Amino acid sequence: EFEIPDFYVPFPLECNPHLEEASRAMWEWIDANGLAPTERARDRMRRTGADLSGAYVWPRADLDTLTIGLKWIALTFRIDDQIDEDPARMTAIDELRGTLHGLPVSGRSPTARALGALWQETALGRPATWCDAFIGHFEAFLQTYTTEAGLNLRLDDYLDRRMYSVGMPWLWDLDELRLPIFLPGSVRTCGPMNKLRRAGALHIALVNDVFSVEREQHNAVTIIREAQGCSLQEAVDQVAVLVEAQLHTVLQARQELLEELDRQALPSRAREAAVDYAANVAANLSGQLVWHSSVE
């Protein structure tokens, strides 16, 4: 038992108003692909708030963009779910990874073909530059499963991995689908955008570690606990400090991003798309708080 911090995040609260319509489409796609055959998984799907989660990740998205996003969340839930039924699972991750590079599947493999299909629908006809970013981030995410099972822990090294395991970088890549244009390469990977992406992802992950530690180990509060040996509250306290650091960096990066966008030679609509994307990343940090409060 500990006092969970009352995290302050300044950015306005935003939630996608297409939730109901998109969620029905998600479940329809889940059942048509048979991705939740067991009642335990079906119950846990709606209990964790997988659909609501999407409404807070992409609050500005049109109905069709939210819908594809919810499919990715739903599939990720299944990937995670059937991994939990298990060290021979390394082969399954490598198979999933292959589908992202057009490798046909040999076996029957229900989930691995579902990824192949969703990947095909998401990626084909999109700019290669975007696809490469999305696959790179989604692959990093999948790789954390083999890393985290091989390790079954250092703080600095955990944060490096956690930025990707939390899934935010590939989730934000998908936000580009609703913008009037894709981010130029020069913007997607500029210093301020990289700084924002890392700090944003880590802020959300570390807040997740604090909300999680009751259930529970790959977690910032547990790592700090069984190294120093001090209180659970004292560990949560130090993670709160870490969260605050990430928020300071988010704010700094966003200011630096506007200056960088003004420096770069960009058409106005590209500049405008970048400002919007950044504001959406920031919005996620307030959205998380209300999402957690809702699933309780």
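Numbers for residues come from their place in the sequence shown, where the first is 1.
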Inset, instruction - Can you count, per the entry, how many deposited residues between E216 and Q217 come without coordinates? Answer none, 1 to 3, 4 to 9, or 10 or more. - result: 4 to 9
Legend entry - Interresidue gap class [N152, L153; deposited sequence, unmodelled]: 4 to 9
Legend entry - Segment of higher mean CA temperature factor, 72-80 or 132-140: 72-80
Legend entry - Residue stretch of maximal mean CA temperature factor, 179-187 vs 106-114: 106-114
Inset, instruction - Among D31, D51, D62, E256, single out the one with the highest C-alpha B factor in the record, please. - result: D31
Legend entry - Member of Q264, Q252, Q246, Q228 with the greatest C-alpha B factor (per the PDB record): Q228
Inset, instruction - Please rank the C-alpha B-factors of the chain's modelled residues and tell me whether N194 sits in the lowest, middle or highest third. - result: lowest
Inset, instruction - Would you check the entry's CA temperature factor for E85 and let me know if it's in the chain's lowest, middle or highest third? - result: highest
Legend entry - Third of chain Cα B-factors occupied by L174: lowest
Legend entry - Modelled-residue ranking by C-alpha temperature factor, third containing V241: middle
Legend entry - Third of chain Cα B-factors occupied by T38: highest
